[PDB]
C-alpha cells in the first residue's frame, strides 16, 4: 500500500523535539510532505533533510524562520522541481514537486491572508497563479497528489464555527468558491471529503482560547488527488495520538 502523509509541522526544529522524527518512521509512510519548515537549509540537520535514509527535497524561504516546504520519500524520485517557477512566491518557499514514475507528489504551503489586507491580496494573487498550474497538471493525465496546507476551508462542515468566520481569511466566499472550482471545474478530488462525506476531519486549531481542547478547528490541510488515483484510495485518518504542531498530520492510503 502507498501511504502518503501531509503534515504542517509548525517549525521543523520544534517538531523534531516533539517526536515528529520518530513518527516519520513509525507511521510507515512511503512519502511525507511537510510545510512550514520555518528554517533555511543551513538550519536543517542531516536528519531533517534525509530522515531515516529517506530521500528529501526542500524549498526554503529567503526570509529566516519563515514558511518552507519539503518532500521525503523512501523511493528516489526521477525528477525534482523546486518552486512554482514564479519568483513572487518562490521567494517564500511554498512549492515542491517530486516525480516517481507515473506518480507525482507535491508539498504546498498556500499563503495566509489573516495577518493583513495586503497578505490577503497576495493570497488571491497566489490563487490566480496556481489555478492554471492545477489545470495543467490535471491535463497531464498522470497520477498526482497535491498535499499541503491550502489555508482554505471549503464548506460549513469543514470548520466548527462557520457562521462566525464568513468574513475571516480562510473562509471567505471568494476563497471557498476557488476551492470549489479546483474540485469541480478542474476535476480534482478532495480526498478526505470524498472518502468520508460526513466526517469533519479538522486538521488545524487556533491558539486562541481553548480551541484544541474544545475541538474548535478547521480542515485546511488537503490531499487533492487526480481521478484515477483517487478511486484507488482505501482509507485516511487525522493522526492525533501525538501532537507535534498546531496542525495534525493527514494520512491517506492508496491501493496502487
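Positions refer to the first chain, counted from 1.
As recorded in the PDB entry, 229-237 is the stretch of 14-22 and 229-237 with the greater mean C-alpha temperature factor. Across the two stretches, 39-47 and 198-206, the PDB entry reports the greater mean Cα temperature factor for 39-47. Per the deposited coordinates, the residue with the largest Cα temperature factor out of 117, 92, 177, 158 is 117. The top Cα temperature factor in the record, among 77, 173, 148, 111, falls on 77. Looking at the C-alpha B-factors along this chain, the one for residue 219 belongs to the lowest third. In this PDB entry, the Cα temperature factor of residue 187 sits in the middle third of its chain's modelled residues. Among the modelled residues of its chain, residue 97 has a C-alpha B-factor that falls in the middle third according to the deposited record. When all modelled residues of the chain are sorted by CA temperature factor, residue 103 is found within the highest third. When the modelled residues of the chain are ordered by C-alpha B-factor, residue 82 sits in the highest third.
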